Structures are given as C-alpha cells and as structure tokens.
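A short worksheet on the structure shown next.
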Amino acid sequence: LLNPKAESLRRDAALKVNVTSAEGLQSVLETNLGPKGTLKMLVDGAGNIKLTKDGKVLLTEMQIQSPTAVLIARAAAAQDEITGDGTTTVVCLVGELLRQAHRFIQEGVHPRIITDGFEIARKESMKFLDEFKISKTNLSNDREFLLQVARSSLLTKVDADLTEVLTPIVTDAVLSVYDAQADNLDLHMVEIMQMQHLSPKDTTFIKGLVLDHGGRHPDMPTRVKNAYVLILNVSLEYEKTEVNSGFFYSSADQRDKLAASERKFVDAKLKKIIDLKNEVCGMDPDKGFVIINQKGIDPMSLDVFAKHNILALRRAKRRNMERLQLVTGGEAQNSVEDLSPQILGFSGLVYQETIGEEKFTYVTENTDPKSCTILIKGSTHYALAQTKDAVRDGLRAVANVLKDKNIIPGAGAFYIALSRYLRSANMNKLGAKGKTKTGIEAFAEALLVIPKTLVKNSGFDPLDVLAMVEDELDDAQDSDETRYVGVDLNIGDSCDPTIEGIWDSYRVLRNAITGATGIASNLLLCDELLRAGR
Amino acid sequence: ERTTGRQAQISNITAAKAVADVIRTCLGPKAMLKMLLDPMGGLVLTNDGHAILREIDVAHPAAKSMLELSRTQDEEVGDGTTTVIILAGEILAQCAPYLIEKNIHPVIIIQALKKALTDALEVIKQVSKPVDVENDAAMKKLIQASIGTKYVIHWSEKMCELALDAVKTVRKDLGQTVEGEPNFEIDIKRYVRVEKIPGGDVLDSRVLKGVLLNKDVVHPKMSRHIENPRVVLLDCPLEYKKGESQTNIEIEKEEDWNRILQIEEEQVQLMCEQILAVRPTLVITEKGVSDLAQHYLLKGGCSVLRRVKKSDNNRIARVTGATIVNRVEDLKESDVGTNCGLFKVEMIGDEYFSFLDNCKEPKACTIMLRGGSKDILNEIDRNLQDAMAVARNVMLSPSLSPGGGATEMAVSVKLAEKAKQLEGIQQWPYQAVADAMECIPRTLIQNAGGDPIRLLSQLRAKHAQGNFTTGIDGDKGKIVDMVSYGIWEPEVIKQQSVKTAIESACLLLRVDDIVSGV
Amino acid sequence: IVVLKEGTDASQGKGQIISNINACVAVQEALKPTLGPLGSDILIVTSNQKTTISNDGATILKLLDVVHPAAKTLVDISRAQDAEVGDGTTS
Amino acid sequence: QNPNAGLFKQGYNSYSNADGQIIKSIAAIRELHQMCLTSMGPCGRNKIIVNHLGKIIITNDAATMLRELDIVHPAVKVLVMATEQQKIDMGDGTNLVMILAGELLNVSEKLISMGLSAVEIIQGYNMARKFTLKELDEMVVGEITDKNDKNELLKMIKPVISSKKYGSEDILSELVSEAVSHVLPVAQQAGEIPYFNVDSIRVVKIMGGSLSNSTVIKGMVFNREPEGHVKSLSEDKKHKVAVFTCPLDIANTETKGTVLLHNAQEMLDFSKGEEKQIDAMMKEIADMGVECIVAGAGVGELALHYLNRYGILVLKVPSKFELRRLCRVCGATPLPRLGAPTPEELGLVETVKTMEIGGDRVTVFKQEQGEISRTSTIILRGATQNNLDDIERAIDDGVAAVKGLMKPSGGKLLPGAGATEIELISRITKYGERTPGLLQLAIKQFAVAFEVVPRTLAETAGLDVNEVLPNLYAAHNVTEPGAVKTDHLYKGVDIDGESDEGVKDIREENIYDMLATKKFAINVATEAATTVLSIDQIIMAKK
C-alpha cells in the first residue's frame, strides 16, 4: 500500500523512531541542566566559537536532522517568548515522558490511554503548583531576595566567579528601572553593551548611558562634577556658501582671509553657544558644559570649545540623541539662532574613559535617567557571548519575579513533591480509569528526570539524593508540617531551598509542565510517519 | 505505460486501499495524529483528513480519483470527507476476493453494489429520527455541535442565529402538487456572502437584508444616514453628447478647444438637471461621469457613484426600487428608495461602505463579521461557515441519523439479512458492502483502544436483537445508546457518504485497463 | 566533527632534524665535485632554456635554488660568504 | 546497515561525555603542547615556518608559530586565543600559558581516568588558582622603582631578550636599554600621565655585517634618499623643517581644470604661468626660513629646480606612520596643502644626513644633546637572513616587556629560572593536603603541572631531567634556621650545558620574572584549561 517515491512507517515502528529521536535530544541537552552542568560548543562552520548552556540558544542555533527532534526543539524554543526560561527543562520532561510512556505501550497500552492519563496528571499538577507556591512579599525594596533570584539564574549560566560580579549588576539594574508605586517594569530600559580589552570579571553597572564618540582634542575635560548639556542638531563644520561663489584673490593673504570670511559664519554660531555657557554657570565653581552635537564639529571649533572648558562631542548617533534628550531632560535645538538656556539639560559626573583602542563617554548621575547600562567586558568573542547571555538571562529572571509575585522553592523540591502528590492523589481519587492510571504513573515518574538530571551532572549518586529527600519529606508529613526539601548539589545531602536561596518562577514551572505534556502527547499520538517527495 | 486485466484491477484496489489507510485512524473524536514530512525539510502532525490527503503525493490514477472524490463530497455536503474515503476503499477491499479469486466479472460486482446502495439508502432512512426544522431553539442545539471546541463557542448564540437567518432566508421551504417539493434547496455558497470588516468583536456580527457596495463615491463625507432616500440608476454617461453619425472631434488650433468644453458644459448641466428633477439622494451611473457632472449633482446635496457595472445595478434595483434606464430622459418620478428604514454610509476601519438594506429579503443575505484583528475575523468566518454548513445539512431534510458507528452498523446488519433473499451470483459481492460498512465502528474502537473483535461483537449483538441507535462511546470505548449519548448527525451526511463511496468503488471496478498516451 | 589541519602540515621531533640533515647533505653532494683547481663542471638547464656550465660553487648553488625549507639555509649562508668574502662558497 | 545511536544532528559524528570528548579534545591539544614545549628557555629550539606566499622564516617564538599555523580544531583555538591574551596588555608569558595550560589538561586526564568528574576537577583548579595567585604575592624579592635608569632597565631587559636570542643577550640588551633610556623621561613617582608607547622605539635592519657594529640613533631613520640636490644639512642647530602631504608640484583643481592649447602663444603663456605659480609656492616656503622639506608624495621637476636653488633638502617620506612619527622628532605638522607651511607648523632638526649601514644608504633625522626626540631607532646588522629577522623580534619583545612595568605594582620581581615554579609546587601541595574531600585530588595535580618549567628548562639545556629535577626539589626541600626560607628561594635551573650536576642561584645572574606576567599567566592558563574541560561535546551548525 505505497506509491513510488514515497515511504511510510505503518506498524509500531512509527512510535519507536519518535521515542528514539526524542531520547537523543534528551541525551544531549540533559547535560546543560543545573549549575553543575557542562558547557556546549557551537561551531558556525566559518571557524567562530560560541559557548552556551542556554536551551533556546542550543536548539535555535544547532541544526537537527531527525524530523521528530525538530518538532521538540521548536516547541521548546517557543517557551522563550512565554517565560524566557525553562527550555532545557521542557526537553528533559518530554524525553522522560516518552520513555515512561513507551515502557507501558510495550505492554499493550494504547497511546490514547497514556495521553488521557497525562492530561489528568497535568490538571492536578497545576492545582499542586498553585498550592505549592509561596506568595512573595509585595515590597520592591526586598533587595536581599532579588539577589537570590539573580544569583539562581546566573549560577546556571556562568562559572560561579562571574556570579559574584553579575548578581548585584542584574539585581540593581532591574530594580533601578522598576517603576515607583509598585507598578510594572520594562527590562528594555537596560542597555546591554559589549566592549573589549578588559577581563570578564570587570563587568560593571553604569547608572546612565555610555556614548561611543568622545572628544577629539587633547584639552577636552577629563571629568566634570556637574554640567549642563546642549543638545544641538546644527553642524559646526567649516561652512561654504549655499549659492555659486568662489575665492578670488591676488595674494596668499587675500586667499586665506576670504576663506576666513566664510569661516566667520561658524564662529558666529560658536559665539552664541559660548555666550550661553557664559550665562549659565559660566564661571561658577564645580560646573561645566557639554555638547553632544548630532553633526560634525570642525577641529577648529573643537579647539575653541576646549579652550572654554567645554566637552564637545560630535556625530552622535540618532539612538544616543533621542535617549540623551530623555536622560538629560534637554531639548534638541534645530537652529542656533533660537539658542537659549531653556534648551539645556543637566547631568552629574560626566567623564571619559580611555581604552587602548577606544574612548567611552559617561553621562551618569541624572535626575531621572529612566535607563541603565551594563558594560559586558571580555577579550574573546565566546567570553563576551556567554557573559552577555548570562546578563540578559538574569535581567529577565528578576523582572519576571517583580511582575509575578509567585515564587516556588527550587532545587527539585517542586518536582519531587509533585511526583509524590500525584502518586497519592491518583489512588485516593481513582477518578480516571483502571488503565488510564498507567499514564499518571508514567507522568509522576517522568517528573523525576529533573532532580535526577540535576544531580547526575553534580556527580553525586542520583539514588541517594532521592532517598534522602524522601526521608525528610516523610518526617514532615508524619509531623503535619509544611517543609520544602530539595537537593544540595554541592554537599549531596538534602537542604531547605528557602534557606539556601534557590527559587523557580511560577511562569516557568506552569508553562514547562504544560508544554512538555503537550509535546510528549503530540508524539505519542502519532500513528504513522509519512514520507513523500523527500 | 500500460497495465491490463487483473493487474489493473489489483492496482486499482491496492491504490484505493492505500489512500483509505493513510487516514484510517484519523476518524472519530479521538483521531490520531499523522506525521507528514515535507520535501522542504519541515513536518506537521496534522490530523485534518483533508490536509493529509491533499499534502500527500500519489502516483496511481485510482488514488487520484479518491482525492477528487473527497473534493466532490466537500462541495455537496459540508461533512463526510473521511467517511467517504474510508468506506470507498473498504468496499473495494471487500470486493477483492470476489473480483480476483472467485473470478466474478466486474459487471456482476458493479450491479450487486448498485443494489446494495439502494438497500443501504432505505435503511439509513429507517433508522433516522425527525427534527422540527422550524423550531429555532431545536436547531441551535444541533448547530452548536459544529461550534464546540472552536474559538467562538462563547458566542455560539450569535453564530447559530446568523446561520439560522442566513439559511432560512435562502431556503426554499415549499410543498405542493404543482411545482413539487424543492426538498429545501439551500445555497450557502453564493446567497449568504460573508464579508470581514476590521473592528468590533465577535458579538458585533450582523446580517444584512439587501445590497452592500464597497465602491467609493465622489464625496466620501456624506450624511450618516438617509431617511428618505431616492436612488437613480442611469446608463447614459454625463459628458459631451455626440450624435448617431461617425463624426470625430479634431481640434488643431489652440483657441478652438473652448468650443468643445463650452458645449459639453451646457449638455452636461442639462443632463444633470434632468437627474436632479426627482430630487435624488444617490445617483449611480454605469458609464463615466464628467468632472462637471460630479459637481452639478454633488452640490445639490447628493452622493454620486460613477462607473458601476450593470451586474451591480441589477441587484441594487431589487432592494432600492429604482428603475434602470438607458437615457437620462428616461428617469421616472417613481425612482424612489421607499420601503426602507435608512441607507447608511458609515465608514468602518477607515473603509467606505454603502448599506442599501431595506425591509425586503431578495432571497439572499450578507453577513458582516467584526473583530479586533484579522486573526479574529478569520476565526469567526471559518467557524460561522461550519455553523452554516450544519444548518444547511439539517434544514435540507428534517431528519438526523445516529452516529458513533450506529448507522453504519445498522446498514451492515440489514444488508446481511437482505442478502439471505438475494439468490444468485450477485449474493457474493453484495455481502461486500455489508462487511465494508464495519470500517467505521471498527476505527472508533481502534482509537478507543479496545479489541476490534470483542467490542464489535457486542455491538453486532445489540443491533441484531436490539435497537439500531447503539454505538461506540468516543471517550470510554463502551457500547452505549445514542439516546443518552446523542451524537446525532444530519442524515444527508450518511446518505451522501454511502452513495458516493459505492459509486466510486463501481467506477474503479469498471477499469480493467490503464493506458498512457497523449 | 572537527579536525586540526585541513591541509596544514607540521612535522616535529628528532627525525625532522635528521631529515633536515639528509636534505642538506644532498646540496653538499651537488657541490662537492667543484672544490679545487681541478674541480668538475656542472651542467644546469634553467627554465629560460639556456644551459649553464661552471665549476663555480656560487654560480651553481644560486641556480640550484634547493626548495627544501632547511637546505635553503645552505643557500643563504653561501650568499653571505659571496657578499662578505667573495670566495670560499664551495668550502 | 550498521546502526548508530545518539547521532541525530545533520548526521554529525559528535562524541558525548561518555565517549571521551574531553580526552579526545586534550589529545588534539597535546600536538600543539609538544610544539610549544621545546620553545621555552635560553636554549629553546628553532622552527621553520613556510608561509603560503612562499616565504620561509625561522623563529623561536611560539606565538609567531601559532599565528602562522592555520588552527582548525576548537580545542586548540581556546589556547591560541589565550596566547593572544598574553599579547594584549602584556609583553611576555606566551610560552607560560601554552605550556602550563597543556600540562593542566594532561594531569586532568589522569584524574578523569579515576572517575573524577570534569566539574570536580574544574572546581579544584579554580581553588588552586586563587591560592596560587595569593602565594605569588609573597615571593617578591626586589622591586623595580621606575626611575628609568639604564641599569635598572638592563636588569629586566636582559632576561626578557633571553630565550629569544641566546649568546647575544648583552649586545641586544644594550641596544634596547639605550633606546628605552632615550625615550623615557627623567621622573620619579609620576603615574598620572601615561607615557612610553611601544611605537616610540623603531628597529631597523640591513643585511650584511653583524651586531658588532650595531648602534642606536636619536631620531628616525628613513629608507628614502635625498631626492634633491642637497643631501645633508649644515652643522648648525635648529634647521627649520617643513612637512607636506600635497605633492610638490603645480596645484590641481577640484573640478576639471584641464588646459587645452591651440596656439603657440598659449603654450608659452601657460608654461610661464605654471612655472611662476610653482615658484611662488616654493618661494613662500623658502621665505619662511625652511632648510629641509619633507613630502608625503612625489616632487615635480620644477619644484626640484626651485627647491635646489633655495638650498632646501628634499626628502620623500611616503609612509603616513613615519610622518606621524616625524612629528615626534621635529614637531612639524604635515600641511594638507602646498605653499603655506605656516611657521607654527614648522619643526626643528639639528642634523639631517645620509649614513651607510650594512652597505645600504639611509637618511637620518636626529638630534645630539638637544631638542631631543621622543622616538629612538635601534640599528641591527647581520649577514644571515633567518637569524637577523628573529633578532629584530627580540628587540620588540624587550621594548614590550618594559611597557609591562606599569603603575599597578608591575615592578615586583620574583626569582626566575623555575625557582618560583618549584616553590609553588610545595605550597600548592600543602594547600591540597589541608583541603578535605575530593578537592585535594585536583589541587595536588594542579601543583604537578608546574614541574613542566624546570623540566623544559633542563631538557632544552641538554640536561638529564631525572637528575636535575630531584636535585631541584632537594634544593628547595631543605632545613632552614626558621620557618621562613631564605638562601633556598633562589635555586633554579642552571642553563649551562655542563656534564656533572647542580643548580644555580638566581642572584648570580639576576634572573627575575615580573609578578604581573606570572599572575596574568596563571589566570589565563587556568581559564584556558578549565574552558576546554567544560566542553563535553562539539556540534557544528549553520549560524
């Protein structure tokens, strides 16, 4: 029953290849799970190296041959637009769900029976999550907790030494842009900027913006305690006539004097700019004056500005000009003819940093910058890439907690406790079917792939860490107390995640469980593998 | 190149069995998924029987016939796509031992199949139950069956109402001994046109009774509505008037161009004054309208719409009452817009509309769909079409057939008993249909996860001794009554399904030779 | 899935030193008959299709242009002798 | 037919952790480890490099080799990038990172064979690194005081030149120290203003002769000849120098400006015009007192005739970098135009003359006891092509290392010749022994890697490591009159080539390493080693 130039898998082979493919993808990405996981290398085929642990990066930048694993990779990657994290978790859950389902299918359990059991477990799992979570204090001033959130996110991605550097940077950068009166926040208010010639441990938080083009005169101020900012769109390069003209001279003296006569047009504009400076804290102590001109500035006029203790920047990018208007509070002057103090903004400490190859201008300490900058440093591409991802991952982790006050103790406490819950509730309720229970049992066991994979990577015995957690949980249940028990991936024994400071996000756990259940079900329900024209 | 004889017969049945197999497990509320690998490297898991058959390449002409068969089913009845393909294939499979091993000539098998169709159609009627296709509430309960687990299920009262008003408007509900019974002729393809307009929400959908134009006018800014409309439908253009001669206008001297413009100005004004004699509110001209003509008519407080084809005016006249005339001097004082509440020129989503609705139903309607995005509008349109399809299928005949495999099982049992009285060579292939019908209740069991023999045997016993309304529970896999578990389907689906399935089998059984050539 | 060379050659170890010696001796063998007032002449056919006949070690080695990366050291040092002294390049 | 499991990504054969990807990656690195292993030390080995363009060079420098190698395998690229880190903001340590990082991986494999995970090994290495970096702070004996004295410079420059060129160390040290002492200002305790760019010292070489006639020029040496009639300036001081970027010929026109001739009189009139305009431009130059003119471009015949009549030395310098460097000698600013070298843009040179170096004539812009240049030029000679080219590199390394003497305690001196490395072995081991649990396994092996330096130094010197190493260890494993070791902080490898036995005191030859170089290498080498160990799989894909 087959047309030429086509192929199909009709018998159970369709399921074996779907499970096998998923098992492959699992066996790769499981090694990236947890702070003790390994680091994957990507080669772009052109000779460039990028290193990452991030599930989304691994799935979206690596090519996959197995058409079934492609479906898992895409569905898991979609989580990036929903939670921003948990991609590796989903792949691990899907793999083990298909492993456990396969074990039962071999016994004659129809894929539908497992699928329905998964849906029953999913609905009860969401109930468990809602009762398992802890409500976070609604105060945004809780820096101590927010550090724990950023730390937990960073430890997954960096070498744990950069965690000490990045943790306060992620925490304060997000809290700084967090709106007052307990409102929402947009983490796009934090600029992610890379620079070279410094070690990755030098990554730093900048209160304001950092500009690329600096001053180009040796007498430009190095640092000004407080300055007014002129936002100017008018070119200060040597101007020529707008109409047909020329320089007609009988002597070298007349030649240059005629050129100077046209140059006076720029000097007149400079006078109005300098006169403004003279009016607004002209000679006041501990004051200065900064120009961030959108257009070019003549080397002649840079000499003028430097002599007047003015820090003159030129050829600013639009993105900097628009942001600097917001940060400094000034307005863009389209014509020097209307120049007045009303144009000026204000900034605090303004200074330039000199790097072997580049200069960077800092416009920090503003009344309300409504923006932060993080400077990600390194000597290599892969070092900058890994650190950049670690910063963006932390910023999303903290922002998600500030938006969603629901926090869940981590270190596997959710997944082990949920597995125990489902096993008990299923027999207490019996609300599915005598055979459907096989799907729920498969689900409850599959949940343990996370605490098992987390510890497998740590190098501790996966069998003891589970038993130890079970022992402590049993004591809590017999004592009629609430106790959150996880695994300490540094010691190997159990721990209370709420003392260690290991937290998961509600959004991540909610969608990771729902997604993995759907993905595994979509593969289990596949009756035939069709191939035509390929 | 060429395949003949039993090799052609086996090839035709084999290919048909393959196509049926492709979607065999895609039937039922618990349909399985199918992984389709695209030549371009992608893949989908769709369980949509239409897409699966569409997106799979076939070689054998017999398989291509089955693909076109499904297209025919879709045009005739809004459902039954997969039932026809599965049944048609199984019939050919059941005819296989008779065509090849028993050496029964195709002409005998085809004749037996035609008789099996006749008997099967009568059985489907016998097991049906009536519905009152005049009771809107009863119809809403049936129509919702096509809306469940769709986005718009939360507004299903509006989706049903639109389907009820649209179908009943076009339904020919008549019976007499003169013209005869139309059998509730319904056309939801052309006479219920659906249009998607940005803005609003699902509940804001409306049904129009009249004509809606999308053509813009000379002055987009017009009174919100006209309470006393008068519409002019005129062919003659409003431009320089020429005679019946072949005389051309040729101007060489620059000063002489004024002679033609001055003549046109007088002639155009006089034509426009004749139009304004009847105090219109909307003037529609089929030919061109000169710039001067647009000003002469507009300045009087009247909308002007130029270059409108006769095919539009013929419909506009039915809902406005305006007479279509050739010459401007043929316009009548009776050209009015009475028997109408108002004409509306409201712009929706920065798009101009002209609503020519009145108090009459010109055997047709148009449905306005509303929504906050194109995605919402598309979901409303697709889901409404399902509501209209099932509304048509039910209002086409006041009868439902029991689902869950019940009807197909009843046909099998009744054909098997009828076979006992059908002495002769035809008795053998006749049974082929009775066995083929089982492919539906068998598939439902296979998806449920039960034993295809033990559960079917229980079903057959229930039909043999009990009622014909016994079927398979989609969720539990148990043999249950379709009275408690309604699962009722419009009879037209079961009648067309067995009709088209057997006819297709009869076609391929007739082909003992496939010959290439141009 | 990765390699280190993609057509990049490197050879290291004592065997390379001996290999360098063997190639360098070959140059000596080309020039050894040119030593002395009764030294023998060598026939070199150049790419320009002209033939050179000489027992002058400097002429011969400059035209030989041994390709081997190590033996070329003998060419360089002979040219140094030819520039600094003007004779003795054979020795 | 043969099935394979685990390979589902574009059909790649990509080894998992259980397949020994780490061990296989290290094996690939070992090929480069051995290549670099024989470079370190005063007796290091040479390598022949055949550039794809048909150029054969010999060098001792591992970094040169690594840049000339086409490195494909990512496991090696990690260490090659680490080498570049030693080149950025540091002038030494290339061999230290390549050799140490390889050995750290080699001993890691010994731990992997035990069943000790890459995570446990990396964690131990990070601890041993932090311990190592702290211990180095206490090994300081002396310190460079940044007085920029010739003798203080020689103390550092000599061991830096060593291991790139051996046997000429004292000659090259004088050449670098002299040139460095020329460009360095006289100052003490001044760290606010940076100075002494590496570019401040140029090296120039001519084929022929030997270093026995090498010298240092207080100024720039150009390979271009005095194109004009005047080949040298007088013995007077402060010759005014004009520098132009515009070619010394008739001015052009931005738009068209093409002259067409139809009549004989027009030819005469335009010819006189151009000659007068050029004279006016050459006259205005001379009228400012200019005695030497430097062009960034060519010179017209008429300009030569007028510049000759004005007695102006005509010297072409086509290199934009040489013109920028000329601003550091005479101070002149290149004129974007022609015929108006404003006096403020004129420079001053005391002497401009032609000199014969190696038989080749060059033009020199210099000063003697006055108006002293901010640039220096080191003059090398040598008849052998391969040797002279490498000597030039030795000069650059000396200058770069001096730059390493930076405000943040760059002057801290530790005993070299492996003495620091040996003491680290003892101290790091004790750190391991005091550390509980599996961490001690990697900390101890971390120490083991550090014996590669006294081993390599012995091997390159022709010494039997099996006698030198236990003698070095016994030399540091001694009884001292107190908790703090004194006399036996200075026992290093004796790079002599002698027969019998023994060790040598750092104090005998003032062999010291810079702390900044050592601590930097310790950071880079560990990061390189732990980076490779963290990679348990390599996957290629379209980006």
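Lettering and numbering for the structure tokens are positional, with chains as A, B, ... in the shown order, residues counted from 1 in each chain, and ligands counted from 1 in the shown order.
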
* If we count only C-alpha atoms, which residues of chain A reach to within 7 Å of chain B? Please list them as a list in words. ->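 Close enough to count are residues 1, 2, 3, 4, 67, 110, 525, 526, 527, 528, 529, 530, 531, 532, 533 and 534 of chain A.
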
For the residues in that selection, give me N, CA and C atoms as a PDB file, in the first residue's frame.
```pdb
ATOM      1  N   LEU A   1       0.828  -1.201   0.000  1.00  0.00           N
ATOM      2  CA  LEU A   1       0.000   0.000   0.000  1.00  0.00           C
ATOM      3  C   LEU A   1       0.865   1.255   0.000  1.00  0.00           C
ATOM      4  N   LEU A   2       1.578   1.486  -1.101  1.00  0.00           N
ATOM      5  CA  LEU A   2       2.547   2.569  -1.155  1.00  0.00           C
ATOM      6  C   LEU A   2       2.755   2.996  -2.600  1.00  0.00           C
ATOM      7  N   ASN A   3       2.776   4.309  -2.805  1.00  0.00           N
ATOM      8  CA  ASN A   3       3.018   4.912  -4.105  1.00  0.00           C
ATOM      9  C   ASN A   3       4.531   5.023  -4.288  1.00  0.00           C
ATOM     10  N   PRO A   4       5.067   4.919  -5.505  1.00  0.00           N
ATOM     11  CA  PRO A   4       6.501   5.169  -5.690  1.00  0.00           C
ATOM     12  C   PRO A   4       6.906   6.564  -5.242  1.00  0.00           C
ATOM     13  N   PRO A  67      13.558  14.597  11.975  1.00  0.00           N
ATOM     14  CA  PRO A  67      12.371  15.461  11.898  1.00  0.00           C
ATOM     15  C   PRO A  67      11.554  15.487  13.177  1.00  0.00           C
ATOM     16  N   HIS A 110      -2.654   1.466  24.836  1.00  0.00           N
ATOM     17  CA  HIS A 110      -2.863   2.306  23.668  1.00  0.00           C
ATOM     18  C   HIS A 110      -2.349   3.716  23.948  1.00  0.00           C
ATOM     19  N   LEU A 525       0.726  10.354  20.170  1.00  0.00           N
ATOM     20  CA  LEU A 525      -0.472  10.187  19.358  1.00  0.00           C
ATOM     21  C   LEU A 525      -0.171  10.006  17.878  1.00  0.00           C
ATOM     22  N   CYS A 526       1.097  10.016  17.474  1.00  0.00           N
ATOM     23  CA  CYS A 526       1.434   9.852  16.064  1.00  0.00           C
ATOM     24  C   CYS A 526       1.311   8.384  15.682  1.00  0.00           C
ATOM     25  N   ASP A 527       0.373   8.083  14.785  1.00  0.00           N
ATOM     26  CA  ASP A 527       0.093   6.711  14.378  1.00  0.00           C
ATOM     27  C   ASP A 527       0.948   6.257  13.203  1.00  0.00           C
ATOM     28  N   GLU A 528       1.344   7.182  12.333  1.00  0.00           N
ATOM     29  CA  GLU A 528       2.064   6.833  11.118  1.00  0.00           C
ATOM     30  C   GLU A 528       3.036   7.949  10.770  1.00  0.00           C
ATOM     31  N   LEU A 529       4.202   7.564  10.254  1.00  0.00           N
ATOM     32  CA  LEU A 529       5.212   8.502   9.772  1.00  0.00           C
ATOM     33  C   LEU A 529       5.146   8.510   8.247  1.00  0.00           C
ATOM     34  N   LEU A 530       4.704   9.629   7.684  1.00  0.00           N
ATOM     35  CA  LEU A 530       4.515   9.735   6.244  1.00  0.00           C
ATOM     36  C   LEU A 530       5.708  10.430   5.601  1.00  0.00           C
ATOM     37  N   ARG A 531       6.180   9.868   4.490  1.00  0.00           N
ATOM     38  CA  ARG A 531       7.241  10.466   3.689  1.00  0.00           C
ATOM     39  C   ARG A 531       6.838  10.415   2.223  1.00  0.00           C
ATOM     40  N   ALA A 532       6.806  11.579   1.579  1.00  0.00           N
ATOM     41  CA  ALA A 532       6.518  11.670   0.155  1.00  0.00           C
ATOM     42  C   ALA A 532       7.258  12.862  -0.430  1.00  0.00           C
ATOM     43  N   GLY A 533       8.012  12.604  -1.497  1.00  0.00           N
ATOM     44  CA  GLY A 533       8.716  13.665  -2.188  1.00  0.00           C
ATOM     45  C   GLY A 533       9.957  14.168  -1.490  1.00  0.00           C
ATOM     46  N   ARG A 534      10.395  13.501  -0.425  1.00  0.00           N
ATOM     47  CA  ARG A 534      11.551  13.952   0.340  1.00  0.00           C
ATOM     48  C   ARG A 534      12.692  12.945   0.244  1.00  0.00           C
TER      49      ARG A 534
END
```

* Apply DSSP to the structure's backbone, then extract all residues of stretch 238-324 of chain A labelled helix (DSSP H, G or I) and return them as a PyMOL selection string. => chain A and resi 252-279+299-307+318-324

* To do: Could you tell me how far atom CA of residue A:96 lies from atom CA of residue A:75, in Å and to one decimal?
  =>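 Distance between the two atoms: 16.2 Å.
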
* Select from stretch 5-199 of chain A everything DSSP, run on the backbone, classes as strand (DSSP E), then give the selection as JSON, numbers by chain. => {"A": [6, 7, 8, 9, 39, 40, 41, 42, 43, 49, 50, 51, 52, 134, 135, 190, 191, 192, 193, 194, 195, 196]}

* To do: May I have the residues of chain D within 7 Å of chain A, counting only C-alpha atoms, written as a list in words?
  => residues 6, 8, 9, 10, 11, 85, 117, 119, 534, 535, 536, 537, 538, 539, 540, 541, 542 and 543 of chain D

* Asked: Do you know which residues are at most 9 Å from residue B:469 counting only C-alpha atoms, after dropping those on the same chain fewer than 2 positions away, and could you put them as an MDAnalysis selection string?
  -> chainID B and resid 127 401:404 406:407 410 463 466:467 471 480:483

* To do: Define the interface residues of chain C facing chain D as those within 7 Å, counting only C-alpha atoms, and report them as a PyMOL selection string.
  => chain C and resi 1-5+8+69+76-77+80

Can you pull out every residue within 8 Å of residue D:381, counting only C-alpha atoms, but drop anything in the same chain fewer than 4 positions away, and send it as a short mmCIF file (atom, residue, chain, number, x, y, z; two decimals) with C-alpha atoms, in the first residue's frame?
```cif
data_model
loop_
_atom_site.label_atom_id
_atom_site.label_comp_id
_atom_site.auth_asym_id
_atom_site.auth_seq_id
_atom_site.Cartn_x
_atom_site.Cartn_y
_atom_site.Cartn_z
CA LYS D 205 67.88 46.19 9.98
CA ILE D 206 70.20 45.89 6.99
CA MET D 207 71.57 42.66 5.53
CA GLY D 208 75.31 42.20 5.99
CA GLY D 209 77.78 42.66 8.82
CA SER D 210 76.93 41.64 12.37
CA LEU D 211 75.67 43.12 15.63
CA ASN D 213 78.55 47.34 14.52
CA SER D 214 75.03 47.92 15.87
CA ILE D 357 74.61 50.85 7.41
CA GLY D 358 75.48 47.40 6.09
CA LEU D 388 68.65 38.72 11.61
#
```

Spatial neighbours of residue D:91, 7 Å, only C-alpha atoms, chain gap at least 3 places, as a CSV table (one decimal) with N, CA, C and O atoms, in the first residue's frame:
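Written file, around_26.csv:
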```
chain,number,residue,atom,x,y,z
D,86,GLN,N,47.9,37.0,26.3
D,86,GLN,CA,49.2,37.4,26.8
D,86,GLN,C,49.9,38.5,26.0
D,86,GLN,O,50.7,39.2,26.5
D,87,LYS,N,49.4,38.6,24.7
D,87,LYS,CA,49.9,39.7,23.9
D,87,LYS,C,49.2,41.0,24.1
D,87,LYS,O,49.8,42.1,23.9
D,397,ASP,N,60.4,42.5,21.7
D,397,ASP,CA,60.0,41.9,22.9
D,397,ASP,C,60.6,42.6,24.1
D,397,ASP,O,59.9,42.8,25.1
D,400,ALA,N,58.5,45.8,24.6
D,400,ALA,CA,57.1,45.4,25.1
D,400,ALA,C,57.2,45.1,26.5
D,400,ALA,O,56.3,45.5,27.3
D,401,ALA,N,58.2,44.3,27.0
D,401,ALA,CA,58.3,44.0,28.4
D,401,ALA,C,58.5,45.2,29.3
D,401,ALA,O,57.9,45.2,30.4
D,404,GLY,N,55.4,46.5,30.2
D,404,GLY,CA,54.8,45.8,31.3
D,404,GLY,C,55.0,46.3,32.6
D,404,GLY,O,54.4,46.0,33.6
```

* **Distance of atom CA of residue B:468 from atom CA of residue B:386, expressed in Å to one decimal place** =>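 Those two atoms sit 27.9 Å apart.
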
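Residues with any atom within 6 Å of residue A:469, counting only C-alpha atoms and excluding same-chain neighbours fewer than 3 positions away, are residues 466, 472 and 494 of chain A.
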
Please produce an output containing N, CA and C atoms for each residue in the selection, written as a CSV table (one decimal), in the first residue's frame.
```csv
chain,number,residue,atom,x,y,z
A,466,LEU,N,17.6,11.1,46.0
A,466,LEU,CA,16.2,11.0,46.1
A,466,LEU,C,15.7,10.4,47.4
A,472,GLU,N,13.3,13.0,54.5
A,472,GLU,CA,13.0,14.3,55.2
A,472,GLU,C,11.5,14.6,55.0
A,494,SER,N,20.3,16.5,51.5
A,494,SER,CA,19.1,17.4,51.3
A,494,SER,C,19.3,18.7,51.9
```

* Asked: So what do you get for atom CA of residue D:315 versus atom CA of residue D:294, distance-wise?
  ->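 Result for atom CA of residue D:315 versus atom CA of residue D:294: 5.0 Å, one decimal.
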